[PDB]
Number of protein chains: 2
Amino acid sequence: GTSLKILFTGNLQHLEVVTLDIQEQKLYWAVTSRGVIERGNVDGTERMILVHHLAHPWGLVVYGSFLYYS
Amino acid sequence: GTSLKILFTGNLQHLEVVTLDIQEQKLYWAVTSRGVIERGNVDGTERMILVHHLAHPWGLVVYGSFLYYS
Ligand code: NI
Ligand code: NI
């Protein structure tokens, strides 16, 4: 709990759970206000919208080649 | 109600009432999530932060050379 850091900020109103892909060092999360699932590097450099036109994403998890979401 | 337009969007979360200075043609509004009062031209071009470190702005009005906020 020492080195606090802000990785991503902006249009993240109504954020949902955050998921880490350890094998790829990639963060995945869902934004309900825009209805998208975004991903980005752990260093806070890259960010892109991965899935569009969702209603209310609640859960998401990365395993092998796939992202599962509820 | 004909020509709908978006002037400003960004770090507005807990947006409060808007107000207009007709003589100078600049909009004023307050953002509670950041505790600021901002200005902007009706053209939607110039935007800046006018007051800092507010707690929960509720009302504001511009008359003459002064701006009143509660
Ligand atoms: Ni939710
Ligand atoms: Ni309020």
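- Looking at the method and resolution fields of the entry, one finds cryo-EM and 3.8 Å.

What to know about the coordination of the nickel ion (ligand 1)
All names here are of chain A.
- Protein-derived coordination of the nickel ion (ligand 1) comes from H14 (NE2), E16 (OE) and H56 (NE2), at a distance range of 2.1 to 2.4 Å.
- The sequence motif formed by the donor residues of the nickel ion (ligand 1) is H-x1-E-x39-H. With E16 in strand β1 (residues 15-21) and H56 in the loop between β4 (47-51) and β5 (60-63), this residue pair connects regions lying 40 residues apart in the sequence.
- The exposure class of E16 is buried, given its relative accessible area of 18%.

A look at the pairing of strand β3 (residues 36-41) of chain B
All names here are of chain B.
- Counting buried residues in β3 gives 5 out of 6 residues, a clear majority hidden from the surface.
- Relative to β3, strand β2 (residues 26-31) runs antiparallel, the two being bridged by 6 bridges. Directly across from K26, in β3, lies its bridge partner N41.
- Between β2 and β3, which pair antiparallel and follow one another directly, the connecting turn spans 4 residues, one of which, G35, has a positive phi of 65 degrees.
- Hairpin connection of β3 to strand β4 (residues 47-51): 5 residues between the antiparallel strands, including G44 at a positive phi of 80 degrees.

Focus on the environment of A30 of chain A
Residue and element names in this part refer to chain A.
- When you line up the elements, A30 lands in strand β2 (residues 26-31).
- A C-alpha to C-alpha distance of 5.3 Å links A30 and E16, two positions 14 residues apart in sequence.
- In this view, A30 contacts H14, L15, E16, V17, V36, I37, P57 and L60; residues no more than four positions away in its chain are not counted.

Examining the sheet that holds β4 of chain A
All names here are of chain A.
- Strand order in this open sheet of 4 strands is β1-β2-β3-β4, and the pairing throughout is antiparallel. If you trace the sheet from one side to the other, it starts and ends with β1 and β4, each paired once. Recorded for the sheet is a direction-independent mean angle of 25 degrees between the axes of neighbouring strands.

Looking at the coordination of the nickel ion (ligand 2)
- Only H14 of chain B (NE2), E16 of chain B (OE) and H56 of chain B (NE2) from the protein reach the nickel ion (ligand 2) as donors, at distances of 2.1 to 2.5 Å.
- Taken in chain order, the donor set of the nickel ion (ligand 2) reads H-x1-E-x39-H.

A word on the pattern of salt bridges
- By the definition in use, this model includes 4 salt bridges over all chains.
- Residue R34 of chain A pairs with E38 of chain A through a salt bridge whose shortest N-O separation is 2.8 Å.
- Taking relative accessible area as the criterion, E38 of chain A reaches 3% and is therefore assigned buried.
- Residue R47 of chain B is joined to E38 of chain B by a salt bridge in which the shortest nitrogen-to-oxygen separation is 2.7 Å.
- Residue class for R47 of chain B comes out partly exposed when judged on its relative accessible area of 31%.
- Salt bridges linked by common partners bring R34, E38 and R47 of chain A together as one network.

Calculation notes
Residues numbered from 1 in each chain as written, not as in the entry; some residues may be left out. Chains lettered and ligands numbered in written order. Part of a larger assembly, values for the part shown. Heavy atoms only, no water. Donors = N, O, S within 2.8 Å, 3.2 Å for Na, K, Ca; no water. Helix = DSSP H or I, 4+ residues; strand = E, 2+ residues; numbered from the N terminus. Buried < 20%, exposed > 50% of the residue type's maximum accessible area, 1.4 Å probe, protein only. Pairing = 2+ DSSP bridges. Contact = heavy atoms within 4.5 Å. Axes fitted to C-alpha atoms, helices over the stretch in contact; angles between N-to-C directions. Salt bridge = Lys/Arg side-chain N within 4 Å of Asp/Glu carboxyl O.

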